[PDB]
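Below you will find one chain, with nothing else, as structure tokens; this is the form deposited in one PDB entry, and questions on how it binds or moves follow later.
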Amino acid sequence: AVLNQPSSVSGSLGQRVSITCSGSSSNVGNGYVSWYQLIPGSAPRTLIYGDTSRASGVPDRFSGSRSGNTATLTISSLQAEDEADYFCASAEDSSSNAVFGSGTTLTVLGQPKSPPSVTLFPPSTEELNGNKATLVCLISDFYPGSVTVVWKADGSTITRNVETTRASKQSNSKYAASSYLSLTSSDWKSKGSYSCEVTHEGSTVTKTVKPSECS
């Protein structure tokens, strides 16, 4: 029912990687296998059909092959934008009964480190009219994709009512995230300054807003 792929695979920038798709005589052994690329937040893209034929607009760096009940997708001269989930697919018994592979997440190693860009937004005058204040920390352009977020007011660390997203893939194959500090209107005005401190690969980037000077 499933075509077995490795859950995850890694390769170096500028080198080659291979993803396998193993099945039985009914599917992969049938000799017509397709491959698809899925970049999160994007429509799937067909890469290969009929074992070795490349779909339109797919460069020769992508290559398909098959030996018995196991097909492999081979990507050469790996680039950052090749980071995606790759699925094999095949027909089984019928040409209108498709089986998909379990999927493989590809990581391209060896890309440069990138510090995060941080923007801290204060609560709006409209929101504070409802006695609530949402501080918004927007974090973009960091690789690798992992940051730790810390909120502070007047030097003290705040843990209450903090909610932070996981890092998500941007359009440029880098990562983005956000953190939200939820306060009452009185909490917002009662402190001299709030800070959003974003730590990435041991380095911290900080932005700060002052309520009394926010107008």
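Start at 1 and count along the sequence shown; that's the residue number.
Below, we refer to the form deposited in another entry, which is not included among the displayed structures.
> Report the entry in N129, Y49, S178, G110 that lies at the hinge, where the C-alphas stop fitting one rigid part best and start fitting the other, between this form and the one not shown.
Only one option sits at the hinge, namely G110.
> How does the CA gap of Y143 and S7 change in the other entry versus this form, closer or farther, if it moves 3 angstroms or more?
Those two alpha carbons end up closer in the other entry.
> Any idea whether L13 and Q170 get closer or farther by CA distance in the other entry, knowing it moves 3 angstroms or more?
So the answer is farther.
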